[PDB]
Each structure stands twice: as structure tokens, then as C-alpha cells.
């Protein structure tokens, strides 16, 4: 298979925020996510620090401990589903991802067609990640929760 890019990457809040999908991915530990066999894609959010990141992250670093909720909407059929992307690592580094049933999902019309994808992104403090705030070593305040929107054509499992 391979990666299919979703929309255009956004630069916001000190971060580059890109979306891609792949074929379904076998994940460990088991039960952590939807089984590959029961899915049609693996959806990934690629989020890294820009230059001059205001929260202390070096350019290029992965942004860890983010809470990323998603909404995937087939605008042709109206079908909507939601979930969360979980942190994980592949051979090219860490990302946030989830296996998702598309055609396999008979509870809605999640077939090939036109989609809107939304990420709802909350800062690392929501998961207990800390920041220095002293004059000598501190960094700027975190972003408030925000959303990014992409549009793409889902053409089926990459093969």
C-alpha cells in the first residue's frame, strides 16, 4: 500500500498538523485499538514543532501527550463517526493513529466518496504534562483547544 495525504497540512499554534491514511495496521498491545482485520484504513495525524515554538519544543520534534479527537464525515451520504487517535510509533517515528472501518462499517455509509475530517486538539496539560514557568527556564502558555479541518476523497484501502 502506502500513505495517502489528506488535504493540506496546517501551521498553527507552533505546530505543523498533517493527516494521512494507510492500509490497516497490526498494533500492539492487542486490544489497544480496532483489530486490523476489522478495519479498512489506518488514520494518522502527524504533528511536529515549527521553528520558534512558543512552548519550548525544538523544531521538528514530535508533539507528545496531545489529546486528538476526530470526526470523519461523508458529505455525500451524511455518515458521521468520531473517535480518538492514540499515540504510537512506527519505523519512521511516533504519531497519533487509529484503525477505522470504512466499507466494513455497516452502521453507516462510510464508502468511497467525499469526506470532511476534523481534528479537535487539546494541549499536553490535559494529560498531566508540565511546563516550567519560572523566568530563567520557563516557556509560553499552551494553546486553548482548537480544530483543524481537511477535505479529501476516500478511494478505498491503499493497495
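For clarity, a rigid core is taken as the largest C-alpha set superposing within 1.5 Å between two forms. Numbering follows the first chain given and starts at 1.
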Original post:
When the other structures are laid on this one by the rigid core, do the CA atoms of 108 to 116 or of 39 to 47 sit farther away in 5 other deposited structures of this protein?
Top reply: 108 to 116
Subject >> Mean C-alpha B-factor comparison - 110 to 118 and 49 to 57, higher one >> reply: 110 to 118
Original post:
Between 59 to 67 and 31 to 39, which has the higher average C-alpha B-factor in the PDB entry?
Top reply: 31 to 39
Subject >> Third of the chain, ranked by Cα B-factor, where residue 25 sits >> reply: middle
**OP:** Select lowest, middle or highest to describe the third in which the CA B-factor of residue 9 falls within its chain in this entry.
**Re:** highest
